[PDB]
Structures are given as structure tokens and as C-alpha cells.
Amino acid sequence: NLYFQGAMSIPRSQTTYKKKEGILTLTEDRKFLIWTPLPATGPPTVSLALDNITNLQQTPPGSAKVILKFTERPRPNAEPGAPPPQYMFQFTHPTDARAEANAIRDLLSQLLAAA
């Protein structure tokens, strides 16, 4: 019977990464999570293929900061004791930070399950 894909639009959210302000979004094919520093006219500094993402975590509501943390699959010759690569994005929209985190989280979780 029927097959449905997510139809919510791709958001562009104000976020800090490694203490630099930028924009977190997805590529138009919804296959990469990309973060670009402001002004966001250059190339992404982070490009994470959703196929390589193994975990999605968040600060709980009421935390000092609204953060999503994405974990990637270990690099090929990483040592077996080493932590996996991780990426923390702090949402900085003065009123909508948590809403915006929620929207990205929901869209990513849907895409990750659909693959």
C-alpha cells in the first residue's frame, strides 16, 4: 500500500558550533546535515552524511543552553578505545531556540529511520 516521505520544509537555524555563529540546515536532497559559519555565503564547515549518524541527543528543556549533539560512526583507523566523532550545535534564536532544535531533531529522526 502507500508510501509517504516527510514533507515539512528544511529549516535554516541560528546555531553556534565550536564557539562560532552560523546556520545549521540540510542539503536539498536531505542526505547531509550541514553547518556554515556566518556570513553563510561560504562552504559548510561541517557536512555529516545522515548515513554516518549513529546518535542524536539533546539538552533537556530548562537547561542553560539548547544543544543538539550528533554522533558519527567511528573513523576507519580510529583506535578502539577512542570516543566517536561528535558535533554539538547550540541553538541561539533568542525566543525560538528550543522550538528550532525540536524541528531539526524531529526531521533528522524521521530521515534516519527512513534510511
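Start at 1 and count along the sequence shown; that's the residue number. The term rigid core refers to the most C-alpha atoms you can superpose between the two forms while keeping them within 1.5 Å.
K.L.:
Which is farther from the shown form in 5 other deposited structures of this protein in C-alpha RMS with the core fitted, 8-16 or 99-107?
P.N.:
Comparing 99-107 with 8-16, the larger C-alpha deviation in 5 other deposited structures of this protein belongs to 8-16.
K.L.:
Should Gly62 be counted as unmodelled in at least a third of the other PDB entries compared?
P.N.:
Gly62: modelled in all of the comparison entries.
K.L.:
At least a third of the other compared entries: do they leave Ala82 without coordinates?
P.N.:
Affirmative; at least a third of those entries omit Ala82.
K.L.:
Identify the stretch, either 63-71 or 77-85, whose C-alpha atoms have the larger mean B-factor according to the entry.
P.N.:
Per the PDB entry, the higher value belongs to 77-85.
K.L.:
Sort the modelled residues of this chain by their C-alpha B factor and say whether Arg105 lands in the lowest, middle or highest third.
P.N.:
Bottom third by C-alpha B-factor.
K.L.:
Test of reading the entry: by CA B factor among the chain's modelled residues, which third contains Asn55?
P.N.:
Its C-alpha B-factor, which the entry lists for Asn55, ranks in the middle third among residues of this chain.
K.L.:
Sorting the chain's modelled residues by C-alpha B-factor, tell me whether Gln90 ends up in the lowest, middle or highest third.
P.N.:
As the PDB entry reports it, the C-alpha B-factor of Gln90 lands in the lowest third of its chain.
K.L.:
For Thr45, does the deposited CA B-factor place it in the lowest, middle or highest third of the chain?
P.N.:
For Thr45, whose C-alpha B-factor we compare with every modelled residue in the chain, the answer is the middle third.
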